[PDB]
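Chemist: Quick one: structure below, then a few questions.
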Amino acid sequence: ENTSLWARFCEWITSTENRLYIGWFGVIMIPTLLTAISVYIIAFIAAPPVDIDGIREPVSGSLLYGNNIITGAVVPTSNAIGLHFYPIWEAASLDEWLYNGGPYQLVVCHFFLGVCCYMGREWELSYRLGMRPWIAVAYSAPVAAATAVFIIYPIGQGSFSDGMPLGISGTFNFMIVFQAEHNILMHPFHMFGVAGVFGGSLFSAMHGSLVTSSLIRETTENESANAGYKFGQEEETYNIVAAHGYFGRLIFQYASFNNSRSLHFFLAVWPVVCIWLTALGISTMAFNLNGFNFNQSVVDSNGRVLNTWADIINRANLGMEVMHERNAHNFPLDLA
Amino acid sequence: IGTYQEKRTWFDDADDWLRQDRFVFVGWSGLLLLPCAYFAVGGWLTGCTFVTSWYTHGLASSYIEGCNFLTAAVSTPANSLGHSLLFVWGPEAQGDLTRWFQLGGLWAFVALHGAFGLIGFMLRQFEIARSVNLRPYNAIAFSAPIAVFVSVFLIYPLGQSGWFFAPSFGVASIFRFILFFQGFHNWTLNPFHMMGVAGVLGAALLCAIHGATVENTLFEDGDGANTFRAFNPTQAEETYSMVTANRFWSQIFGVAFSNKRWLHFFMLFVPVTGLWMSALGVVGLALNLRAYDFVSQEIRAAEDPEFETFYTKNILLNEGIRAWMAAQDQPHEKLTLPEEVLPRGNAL
Amino acid sequence: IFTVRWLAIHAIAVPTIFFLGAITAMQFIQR
Amino acid sequence: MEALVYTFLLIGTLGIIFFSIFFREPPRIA
Amino acid sequence: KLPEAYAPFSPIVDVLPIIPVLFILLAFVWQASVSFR
Amino acid sequence: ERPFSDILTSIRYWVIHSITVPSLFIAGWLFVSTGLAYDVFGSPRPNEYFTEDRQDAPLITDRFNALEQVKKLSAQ
Amino acid sequence: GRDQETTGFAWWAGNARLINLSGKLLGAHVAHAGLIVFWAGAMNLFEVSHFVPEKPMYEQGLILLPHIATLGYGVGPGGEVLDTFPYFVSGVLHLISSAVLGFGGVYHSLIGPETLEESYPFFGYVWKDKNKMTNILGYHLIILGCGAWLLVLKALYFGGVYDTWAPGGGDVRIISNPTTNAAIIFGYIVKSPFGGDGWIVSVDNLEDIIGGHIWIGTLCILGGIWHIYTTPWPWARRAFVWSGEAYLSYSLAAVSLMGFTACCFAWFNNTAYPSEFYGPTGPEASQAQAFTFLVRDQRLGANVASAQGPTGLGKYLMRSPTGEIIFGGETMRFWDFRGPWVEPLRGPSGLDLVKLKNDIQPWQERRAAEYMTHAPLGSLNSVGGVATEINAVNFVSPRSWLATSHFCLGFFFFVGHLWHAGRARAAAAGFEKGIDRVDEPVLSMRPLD
Amino acid sequence: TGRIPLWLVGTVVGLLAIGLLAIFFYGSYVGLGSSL
Amino acid sequence: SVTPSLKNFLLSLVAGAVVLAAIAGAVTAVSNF
Ligand code: CLA
Ligand code: CLA
Ligand SMILES: CCCCCCCCCCCCCCCC(=O)OC[C@H](COP(=O)(O)OC[C@@H](O)CO)OC(=O)CCCCCCCCCCCCCCC
Ligand SMILES: CC1=C(/C=C/C(C)=C/C=C/C(C)=C/C=C/C=C(C)/C=C/C=C(C)/C=C/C2=C(C)CCCC2(C)C)C(C)(C)CCC1
Ligand SMILES: CC1=C(/C=C/C(C)=C/C=C/C(C)=C/C=C/C=C(C)/C=C/C=C(C)/C=C/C2=C(C)CCCC2(C)C)C(C)(C)CCC1
Ligand SMILES: CC1=C(/C=C/C(C)=C/C=C/C(C)=C/C=C/C=C(C)/C=C/C=C(C)/C=C/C2=C(C)CCCC2(C)C)C(C)(C)CCC1
Ligand SMILES: CC1=C(/C=C/C(C)=C/C=C/C(C)=C/C=C/C=C(C)/C=C/C=C(C)/C=C/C2=C(C)CCCC2(C)C)C(C)(C)CCC1
Ligand SMILES: [Cl-]
Ligand SMILES: [Cl-]
Ligand SMILES: [Fe+2]
Ligand code: NA
């Protein structure tokens with residue numbers, strides 16, 4: 001082929017003979033993701049405490065500073081920074097950069113770039129292999145949620161300090177404070193997201209059980225049935241008609257989904273759509289829209305307030321609200 | 001049956017009738033499923049429509065009181081009734097249907113009829129699978145929702161002081177139950193809800209990934225831009241390329257399935273295991289064996305007044321939830337806490 | 001007619017319409 | 001010493017992932 | 001509010017904005033009329 | 001079993017049901033309006049939540065004799 | 001109409017049957033444009049009918065009336081509504097024009113030629129005639145440039161627009177001397193999008209806005225002419241896919257980016273979205289609360305300058321990481337907020353201690369209190385305040401509605417870029433319907449990836 | 001049984017269902033449960 | 001008997017037997033048509 005080095009480089013980058021597919025989206029995914037992985041690992045293992053709330057009250061999140069895996073995290077950037085860009089070269093010294101929560105911002109930025117390029121790379125390999133290019137559309141839902149909880153919510157709230165901490169207990173803290181300040185449980189989009197994950201579990205179990213049951217006898221006893229299927233079988237090893245008949249008889253006849261294609265499109269579209277909706281809900285609440293507020297909505301003839309389960313939810317929300325950041329509030333209304 | 005069929009008995013006539021393939025398969029399991037499930041759903045609807053919780057939780061939880069679909073709920077009975085089964089003929093209601101509604105007996109009615117309906121539905125799955133000669137993997141999968149229902153609505157309330165702490169059948173009531181678990185049991189920190197979360201999220205991931213991968217590796221099989229028409233239910237060849245999907249995911253992700261049976265077994269396996277682990281954790285909570293704290297970190301924080309982690313902040317949040325929800329969530333305690341004892345931050 | 005499907009339809013239809021009427025009437029109550 | 005154990009466990013998990021990716025058994029067609 | 005000449009026509013204005021969401025439902029009705037041909 | 005399309009497009013079905021579906025709807029409206037719903041299901045009316053002496057939410061606080069307790073706590 | 005048998009597209013993709021039917025495609029696009037204008041007119045009439053000029057616009061949930069008011073048209077000093085008639089005129093005009101456009105869409109969709117290539121060569125594109133597509137792009141680009149110059153003319157010689165930075169409470173000012181400097185105007189686009197910089201969202205002057213729209217209008221007209229008189233370069237031919245769905249995907253990506261930008265503009269910017277009509281922003285409300293409590297505790301004796309908070313950092317005033325004096329508390333995250341009611345109190349090194357003692361004017365206090373009580377926090381059912389409220393106030397800020405809605409739209413149109421773009425690539429290559437099943441590419445590759 | 005076409009029945013039933021839903025929302029904003 | 005709760009329990013047993021026999025008789029009658 002072309003003797004030029006650039007043509008050889010382009011051939012190698014776009015080659016489908018690589019064990020892992022590099023691509024043009026790959027040449028941005030690899031460095032950003034590797035940088036994020038390196039910083040996250042070194043920060044999670046040994047990183048000094050971070051003044052997340054900007055009140056000069058550092059929070060320890062690394063293993064070396066007395067944390068386990070469950071409590072350890074990469075603490076978000078200092079509230080004093082806000083949405084300001086905080087690269088390493090901006091800080092006076094590495095000590096200051098570590099103190100103000102720079103590693104969180106570095107990891108979040110390089111990681112957002114990485115996941116966007118990962119979606120692009122999924123499309124690119126689909127195009128290179130001659131297949132339909134919509135796996136990336138399905139993958140957009142996790143990307144949407146990650147952007148909402150790492151980028152969009154900090155932007156709406158005006159500080160990276162409100163982004164989800166890169167840890168487990170940090171994740172739980174983020175969830176609890178989010179419920180306190182937005183009543184996410186009553187928001188119809190977390191409702192759709194819950195319906196989506198529950199439906200994903202239900203439909204995954206249902207589809208897997210139906211396909212496993214309909215699996216035609218190609219392997220007898222004394223060994224696992226997986227030996228009956230071959231990677232190059234190029235045939236359906238399961239009786240689809242029996243599975244459809246079972247599913248129809250289970251609830252009611254003419255339950256549709258006699259198409260394998262229709263069934264798999266439904267499997268693809270239910271959780272993806274619901275995760276899209278819940279990510280949009282997180283972003284809209286990032287712009288302070290909140291869920292339903294039916295507090296004191298029921299009153300008697302004379303005007304006395306009749307409490308509802310929404311009122312008990314509000315009591316729990318009040319409990320979370322007055323404790324989430326003990327020392328960071330100087331004025332009665334949070335508003336931030 | 002085996003050596004010979006002997007003579008036809010009335011059981012044979014009943015079996016032949018019940019096993020007919022009509023629009024709604026009743027079967028032998030139907031005699032338990034249809035009445036129980038029908039009464040459970042109808043009781044939930046009547047309770048969310050007309051029955052109130054003013055005497056049980058001191059809360060208005062019906063449509064006729066002004067509640068909507070979100071806030072209406074068939075509330076659990078009063079705590080003073082303990083774990084009473086609350087039969088409409090029992091020593092509590094003593095036959096008064098209206099007062100039985102008022103005492104909260106509808107919750108016990110709905111819960112018991114729903115439990116027997118779930119038993120009947122798994123029996124229905126077994127019966128239908130046996131009729132069509134299929135390995136009953138879907139009943140085995142449905143064992144997980146039954147485990148969740150048993151551990152949450154039956155085992156957990158029995159471990160506590162009464163039905164009062166069970167989940168009331170409703171939307172906002174379930175949300176209250178969830179927040180109560182976070183505040184009191186620290187349920188998020190429990191590794192079993194962690195495994196359940198992992199199982200459910202992985203099941204959703206598998207559902208989405210399998211659907212997308214199948215829909216994006218389809219063989220052509222047709223000339224229309226609508227790929228759904230290019231499929232026959234009775235065809236033998238696979239409608240999507242397994243080799244192409246395996247290669248794609250091997251080069252994108254690193255590992256990929258190469259066995260359809262194993263793939264679908266994994267799809268069945270992940271959510272069931274997640275739900276079963278969550279059920280075991282809920283049993284532990286029923287006994288109040290909660291994974292509430294890491295004692296090492298609490299001791300270090302007590303000795304070191306400047307050591308702080310997200311775990312300690314979560315503990316403070318739980319403390320706030322408990323203190324501010326106890327007074328109205330548990331009226332039987334009669335907690336008249338003055339505002340000066342409630343934990344509270346600064347200027348909030 | 002009065003088949004099994006008839007009963008299955010009417011067990012979830014007559015109560016449904018009755019309750020829809022009840023809820024509609026509730027919508028026009030003044031405290 | 002707990003940090004050492006946690007680091008070892010994480011390193012072991014990552015090494016298992018690496019081996020399962022780059023030293024997998026080849027998918028045998030037919 | 002509207003100028004005093006157009007005050008009686010207030011109900012029509014209060015009803016107008018929902019027509020655009022009626023157009024998509026009309027498209028679905030039209031498709032159903034042809035058996036989703 | 002006749003297909004649902006044939007039944008739903010049959011004039012006989014509609015002439016049969018056009019006097020029964022409204023009858024059920026009107027029955028439900030009458031059930032709510034005539035005060036029967038409160039009478040049978042025991043939900044207190046908007047002017048019956050609080051009595052002369054009970055100015056707060058009621059509490060059952062008894063296992064047996066709960067019938068008498070809920071009867072004296074409920075509107076008389 | 002059409003059917004699936006003759007087209008290959010089911011009903012749920014029926015408009016895809018219009019890809020190669022130029023006349024009916026024109027009819028559909030004209031009908032949707034008529035729909036847009038109809039919503040504009042009808043919603044404007046709805047808003048004016050439900051409008052009481054005594055209350056502020058943002059109190060009553062109006063989104064279009066603030067848009068009209070920002071262009072002048074019946075607002076006095078301080079954003080006081082004088083005449084509601086211009087709003088009515090705008091509603092009626094957009095509505096009647098929508099009726100005309102709807103008739104046109106109906107005609108070009110039902111009776112007009114199905115394909116315009118034969119009878120009307122001037123309108124007969126082929127989705128791959130690059131010169132014709134560039135010509136259409138040039139025409140509509142010229143139209144957009146004319147619209148931008150229309151805005152410039154409105155601000156220059158037709159009464160000006162509502163400057164919220166005018167001395168006092170803001171007023172309708174005639175912008176003279178627009179910022180026509182290349183460095184200033186193009187410094188916004190290369191500006192960072194992070195805090196303190198904000199990319200183009202941080203445009204603060206009316207002069208900058210008018211100069212920018214001047215540059216954009218001139219460039220759009222020039223680019224329209226250029227794309228009219230030229231064919232894409234040979235490198236441009238290889239880089240892009242040339243099909244109708246490809247062009248749709250490019251436009252989808254562009255408008256998704258624009259939707260995200262509009263969401264951020266509505267949430268953060270208060271120059272092009274004056275707070276007199278849209279209400280305070282998030283940062284504006286937080287700064288207003290801090291300012292109100294500062295003046296309250298300063299009136300009750302005390303010395304806010306030396307007042308130390310519980311954290312030892314400053315209860316009312318502190319120092320930004322750069323060193324600028326800023327309001328204390330959580331609102332330190334919004335230290336880069338700039339507003340008409342707070343700029344007079346800022347010295348060279350930030351908030352001035354002396355000015356904060358005696359230079360505060362009562363109108364600033366009233367505006368700060370009003371903004372504090374109307375912070376952009378609400379519920380889905382329009383219940384004002386934080387999630388833990390008493391369900392007594394009926395208010396959600398128009399900024400919140402605009403931000404949430406147009407962010408959702410931007411995200412969905414990014415998903416549109418993904419979908420329609422991938423499909424364009426596959427259809428151009430030939431994979432749109434599936435694997436070949438006779439020559440799979442994968443079967444021609446060496447094993448083990 | 002070709003009289004009363006199925007699409008007409010579906011449209012009428014859908015209109016009734018949407019009207020019922022709108023009545024429910026209206027009742028959400030007035031009377032009991034309206035927070036006033 | 002001695003206790004009212006016991007009498008209610010026995011009557012509940014009788015009523016449950018009645019409904020169970022009703023279900024069995026219904027299925028028998030429909031099976032024999
Ligand atoms: C605003 C959205 C919009 C628009 C502008 C169009 C436009 C169009 N569609 Mg389409 N469609 C849409 C949404 C839309 N669609 C949606 C949401 C779906 C999913 C259900 C479809 C599914 C679909 C299919 C399956 C098909 C089309 C087709 C068509 C084209 C032919 C129309 C025709 O002749 O039908 C017939 C016209 C009538 C039956 C007349 C009744 C409707 C008219 C327009 C009355 C409008 C009322 C209005 C108030 C009149 C105002 C008058 C004015 C003077 C004030 C046309 C250009 C067809 C096509 O592909 O073209 C070849 C086709 O087969 N569409
Ligand atoms: C939305 C209107 C529009 C559209 C759709 C197009 C579309 C097109 N133009 Mg055109 N152009 C326009 C407006 C437009 N132009 C205007 C207003 C002008 C006057 C300045 C020009 C002047 C122009 C010239 C001179 C040329 C084109 C060319 C082209 C074709 C090649 C596109 C390309 O180079 O790829 C993509 C472009 C790039 C990868 C380079 C990016 C350059 C910009 C300035 C980067 C700025 C980045 C900056 C930091 C802002 C970032 C913020 C951002 C994220 C929002 C293409 C079909 C070429 C052509 O084919 O000739 C006919 C060509 O030579 N255009
Ligand atoms: C470019 C991005 C690179 C990063 C991707 C990382 C890939 C992870 C692959 C590891 C899989 C491990 C199982 C090996 C075993 C293995 O994969 O064998 C390969 C197997 C395919 O085998 P077969 O299809 O032949 O299975 C049938 C057998 O029963 C015998 O026929 O794939 C799977 O089982 C499902 C894929 C794993 C599903 C994802 C695993 C999720 C675990 C994530 C662990 C998180 C740890 C966090 C760090 C603390
Ligand atoms: C408890 C009890 C009982 C039982 C009873 C029953 C069983 C009842 C039934 C009931 C029922 C059975 C009811 C029903 C209900 C229903 C309803 C109430 C409806 C609902 C629906 C709706 C609300 C709708 C919605 C919507 C619309 C509107 C639009 C579109 C979409 C949809 C469709 C979703 C007895 C006798 C044992 C005795 C003792 C006590
Ligand atoms: C194609 C087609 C489509 C679409 C269509 C369309 C969308 C069209 C357009 C339409 C339109 C969009 C039209 C418009 C209309 C409007 C009008 C016609 C107006 C009128 C006005 C008047 C009559 C007056 C009024 C008034 C005044 C001015 C003053 C104030 C008061 C008032 C308001 C009363 C569809 C989907 C169906 C599908 C199929 C095909
Ligand atoms: C008006 C105004 C202003 C101004 C503004 C401006 C100055 C604008 C312009 C802007 C601009 C100046 C824009 C541009 C953009 C561009 C872009 C966005 C591009 C993109 C690219 C692409 C899309 C491509 C891609 C690719 C590659 C790279 C590779 C191969 C393939 C392709 C070619 C496809 C201111 C600020 C004062 C504010 C106020 C208003
Ligand atoms: C401006 C104005 C006007 C107006 C105009 C117009 C433009 C109108 C429109 C009209 C329309 C445009 C209407 C439409 C409507 C629609 C509808 C009414 C629909 C419904 C539907 C439903 C309810 C359902 C459906 C369904 C689906 C969704 C699926 C499939 C199946 C079915 C079909 C069932 C007038 C005259 C007043 C005068 C004054 C001024
Ligand atoms: Cl926190
Ligand atoms: Cl504060
Ligand atoms: Fe499958
Ligand atoms: Na606090």
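Letters A, B, ... go to the chains of the structure tokens in the order shown; residues in each chain start at 1; ligands are counted from 1 in the same order.
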Using only C-alpha atoms and all ligand atoms, which protein or nucleic acid residues are at most 9 Å from ligand 8, as a list in words?
Modeler: residues 53, 162, 170, 173, 174, 176, 177, 323, 324, 325 and 326 of chain A; 310, 313, 314 and 317 of chain B
Chemist: As a quick test: using only C-alpha atoms and all ligand atoms, which residues lie no more than 8 Å away from ligand 10? Give them as an MDAnalysis selection string.
Modeler: (chainID A and resid 207:208 211 260 264) or (chainID B and resid 210:211 214 260 264)
Chemist: Just to be explicit: take each residue in the selection above, keep N, CA and C atoms, and write the result as a tab-separated table (two decimals), in the first residue's frame.
Modeler:
chain	number	residue	atom	x	y	z
A	207	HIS	N	-36.84	-13.02	30.04
A	207	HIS	CA	-36.27	-13.41	28.76
A	207	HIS	C	-35.23	-14.51	28.93
A	208	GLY	N	-34.34	-14.38	29.91
A	208	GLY	CA	-33.35	-15.41	30.13
A	208	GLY	C	-33.97	-16.74	30.49
A	211	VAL	N	-35.68	-18.25	27.31
A	211	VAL	CA	-34.73	-18.79	26.34
A	211	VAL	C	-34.06	-20.04	26.88
A	260	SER	N	-38.77	-12.23	17.47
A	260	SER	CA	-37.55	-12.07	18.24
A	260	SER	C	-37.04	-10.64	18.15
A	264	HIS	N	-36.47	-8.09	21.29
A	264	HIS	CA	-35.18	-7.51	21.64
A	264	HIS	C	-35.19	-6.00	21.53
B	210	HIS	N	-28.19	-6.60	25.72
B	210	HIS	CA	-28.63	-7.69	24.87
B	210	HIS	C	-29.60	-7.20	23.81
B	211	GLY	N	-30.56	-6.36	24.20
B	211	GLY	CA	-31.49	-5.84	23.22
B	211	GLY	C	-30.80	-5.06	22.12
B	214	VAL	N	-28.53	-7.39	19.85
B	214	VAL	CA	-29.31	-8.18	18.92
B	214	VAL	C	-29.88	-7.30	17.82
B	260	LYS	N	-24.87	-18.75	23.56
B	260	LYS	CA	-26.20	-18.17	23.77
B	260	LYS	C	-26.83	-18.69	25.05
B	264	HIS	N	-28.02	-16.23	28.16
B	264	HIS	CA	-29.37	-16.08	28.70
B	264	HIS	C	-29.47	-16.62	30.11
Chemist: Around ligand 2, at most 6 Å away and counting only C-alpha atoms and all ligand atoms, which residues are there? Put them as a list in words, please.
Modeler: residues 189, 190, 219, 220, 222, 223, 227, 230, 231, 232, 233 and 236 of chain G
Chemist: Now that the selection is made, can you save its residues with N, CA and C atoms as a PDB file, in the first residue's frame?
Modeler:
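Produced file part-v2.pdb, reproduced below:
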ATOM      1  N   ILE G 189     -15.978  33.605  22.289  1.00  0.00           N
ATOM      2  CA  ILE G 189     -16.118  32.228  21.831  1.00  0.00           C
ATOM      3  C   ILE G 189     -14.931  31.383  22.269  1.00  0.00           C
ATOM      4  N   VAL G 190     -13.722  31.952  22.268  1.00  0.00           N
ATOM      5  CA  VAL G 190     -12.549  31.227  22.743  1.00  0.00           C
ATOM      6  C   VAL G 190     -12.385  31.324  24.250  1.00  0.00           C
ATOM      7  N   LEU G 219     -21.505  38.249   8.820  1.00  0.00           N
ATOM      8  CA  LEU G 219     -20.856  37.001   8.451  1.00  0.00           C
ATOM      9  C   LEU G 219     -21.851  36.014   7.867  1.00  0.00           C
ATOM     10  N   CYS G 220     -23.078  35.983   8.387  1.00  0.00           N
ATOM     11  CA  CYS G 220     -24.075  35.061   7.860  1.00  0.00           C
ATOM     12  C   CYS G 220     -24.479  35.436   6.445  1.00  0.00           C
ATOM     13  N   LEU G 222     -22.557  37.095   4.280  1.00  0.00           N
ATOM     14  CA  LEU G 222     -21.399  36.805   3.440  1.00  0.00           C
ATOM     15  C   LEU G 222     -21.242  35.309   3.207  1.00  0.00           C
ATOM     16  N   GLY G 223     -21.418  34.506   4.255  1.00  0.00           N
ATOM     17  CA  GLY G 223     -21.335  33.068   4.109  1.00  0.00           C
ATOM     18  C   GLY G 223     -22.459  32.497   3.279  1.00  0.00           C
ATOM     19  N   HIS G 227     -21.528  30.264   0.125  1.00  0.00           N
ATOM     20  CA  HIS G 227     -22.082  28.932  -0.066  1.00  0.00           C
ATOM     21  C   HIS G 227     -23.051  28.879  -1.242  1.00  0.00           C
ATOM     22  N   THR G 230     -20.395  28.775  -4.465  1.00  0.00           N
ATOM     23  CA  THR G 230     -19.347  27.768  -4.454  1.00  0.00           C
ATOM     24  C   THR G 230     -19.936  26.401  -4.142  1.00  0.00           C
ATOM     25  N   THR G 231     -19.209  25.374  -4.556  1.00  0.00           N
ATOM     26  CA  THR G 231     -19.275  23.931  -4.406  1.00  0.00           C
ATOM     27  C   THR G 231     -18.289  23.486  -3.335  1.00  0.00           C
ATOM     28  N   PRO G 232     -18.643  22.516  -2.494  1.00  0.00           N
ATOM     29  CA  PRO G 232     -17.717  22.085  -1.445  1.00  0.00           C
ATOM     30  C   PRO G 232     -16.403  21.582  -2.021  1.00  0.00           C
ATOM     31  N   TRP G 233     -15.330  21.820  -1.272  1.00  0.00           N
ATOM     32  CA  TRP G 233     -13.999  21.452  -1.709  1.00  0.00           C
ATOM     33  C   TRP G 233     -13.876  19.936  -1.823  1.00  0.00           C
ATOM     34  N   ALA G 236     -13.739  18.389   1.381  1.00  0.00           N
ATOM     35  CA  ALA G 236     -15.038  18.383   2.039  1.00  0.00           C
ATOM     36  C   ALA G 236     -15.914  17.243   1.543  1.00  0.00           C
TER      37      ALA G 236
END
Chemist: Need to verify the contact set: residue 12 of chain E, 12 Å, only C-alpha atoms, exclusion of same-chain residues closer than 3 positions in sequence. Can you return it as a ChimeraX atom specification?
Modeler: /E:2,6-9,15-19 /G:42-43,45-46,49
Chemist: Suppose we keep C-alpha atoms; can you now write the selection as a PDB file, in the first residue's frame?
Modeler:
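As a result, result-v2.pdb now contains:
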ATOM      1  CA  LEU E   2     -56.895  41.583  26.797  1.00  0.00           C
ATOM      2  CA  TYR E   6     -61.692  41.401  23.169  1.00  0.00           C
ATOM      3  CA  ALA E   7     -62.772  40.609  26.738  1.00  0.00           C
ATOM      4  CA  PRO E   8     -65.757  38.405  25.710  1.00  0.00           C
ATOM      5  CA  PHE E   9     -63.427  36.283  23.550  1.00  0.00           C
ATOM      6  CA  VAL E  15     -58.523  27.232  24.875  1.00  0.00           C
ATOM      7  CA  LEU E  16     -56.218  28.025  21.920  1.00  0.00           C
ATOM      8  CA  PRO E  17     -52.763  26.926  23.202  1.00  0.00           C
ATOM      9  CA  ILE E  18     -53.635  23.207  23.404  1.00  0.00           C
ATOM     10  CA  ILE E  19     -54.263  22.843  19.653  1.00  0.00           C
TER      11      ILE E  19
ATOM     12  CA  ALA G  42     -51.651  31.481  20.830  1.00  0.00           C
ATOM     13  CA  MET G  43     -49.375  31.303  23.870  1.00  0.00           C
ATOM     14  CA  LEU G  45     -52.437  35.707  23.649  1.00  0.00           C
ATOM     15  CA  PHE G  46     -52.894  33.272  26.533  1.00  0.00           C
ATOM     16  CA  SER G  49     -55.104  37.398  28.799  1.00  0.00           C
TER      17      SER G  49
END
Chemist: If you count only C-alpha atoms, which residues fall within 12 Å of segment 1-5 of chain H, apart from same-chain ones fewer than 3 positions away, as a ChimeraX atom specification?
Modeler: /E:32-35 /F:2-15 /H:8-12
Chemist: Tell me as a PyMOL selection string which residues belonging to chain B come within 8 Å of chain G, counting only C-alpha atoms.
Modeler: chain B and resi 216-227+241+243-244+247+250-251
Chemist: Extract, using only C-alpha atoms, all DNA, RNA and protein residues at most 12 Å from residue 21 of chain H, discarding same-chain residues fewer than 4 positions from it, and format them as a ChimeraX atom specification.
Modeler: /C:20,23-24,27 /H:14-17,25-28
Chemist: Which residues, written as a list in words, have at least one atom at most 12 Å from segment 1-7 of chain C, with only C-alpha atoms counted and residues fewer than 6 positions away on the same chain left out?
Modeler: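 Counting only C-alpha atoms, the residues come to residues 252 and 253 of chain A; 17, 18, 20, 21, 22, 23, 24, 25, 26 and 34 of chain B; 13 and 14 of chain C; 1, 2, 3, 4 and 7 of chain F; 27 and 30 of chain I.
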Chemist: With only C-alpha atoms and all ligand atoms counted, collect every polymer residue having an atom within 8 Å of ligand 11; state the result as a ChimeraX atom specification.
Modeler: /A:321-329 /B:344-348
Chemist: Using the selection just defined, write its residues with N, CA, C and O atoms as a compact mmCIF listing (two decimals), in the first residue's frame.
Modeler:
# COMPACT_ATOMS: atom_id res chain seq x y z
N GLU A 321 -32.29 17.72 56.07
CA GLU A 321 -31.93 19.07 55.65
C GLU A 321 -31.14 19.80 56.73
O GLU A 321 -30.12 20.44 56.45
N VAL A 322 -31.60 19.71 57.98
CA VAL A 322 -30.99 20.48 59.06
C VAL A 322 -29.67 19.90 59.53
O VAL A 322 -29.08 20.42 60.49
N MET A 323 -29.18 18.84 58.89
CA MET A 323 -27.95 18.19 59.32
C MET A 323 -26.94 17.95 58.20
O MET A 323 -25.83 17.52 58.51
N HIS A 324 -27.28 18.21 56.94
CA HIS A 324 -26.45 17.71 55.85
C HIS A 324 -25.10 18.41 55.81
O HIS A 324 -24.07 17.77 55.55
N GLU A 325 -25.07 19.71 56.06
CA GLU A 325 -23.81 20.46 56.16
C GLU A 325 -23.92 21.33 57.40
O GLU A 325 -24.55 22.39 57.37
N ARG A 326 -23.32 20.86 58.49
CA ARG A 326 -23.57 21.45 59.80
C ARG A 326 -23.09 22.89 59.87
O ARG A 326 -23.79 23.76 60.40
N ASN A 327 -21.91 23.17 59.34
CA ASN A 327 -21.25 24.44 59.57
C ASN A 327 -21.19 25.31 58.33
O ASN A 327 -20.71 26.45 58.41
N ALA A 328 -21.66 24.83 57.19
CA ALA A 328 -21.51 25.57 55.94
C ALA A 328 -22.59 26.62 55.73
O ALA A 328 -22.46 27.42 54.80
N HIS A 329 -23.62 26.66 56.56
CA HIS A 329 -24.76 27.54 56.34
C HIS A 329 -24.78 28.64 57.40
O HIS A 329 -24.81 28.35 58.60
N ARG B 344 -29.53 19.60 65.01
CA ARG B 344 -29.72 20.61 63.98
C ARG B 344 -28.39 21.27 63.69
O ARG B 344 -27.57 21.45 64.60
N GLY B 345 -28.17 21.62 62.43
CA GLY B 345 -26.95 22.30 62.03
C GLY B 345 -26.96 23.76 62.44
O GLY B 345 -27.53 24.15 63.46
N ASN B 346 -26.32 24.59 61.62
CA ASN B 346 -26.22 26.02 61.87
C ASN B 346 -27.09 26.77 60.87
O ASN B 346 -26.96 26.57 59.66
N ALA B 347 -27.96 27.63 61.40
CA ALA B 347 -28.76 28.55 60.59
C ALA B 347 -29.59 27.81 59.54
O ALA B 347 -29.66 28.20 58.38
N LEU B 348 -30.23 26.73 59.97
CA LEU B 348 -31.03 25.93 59.05
C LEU B 348 -32.19 25.26 59.79
O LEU B 348 -33.23 24.96 59.20
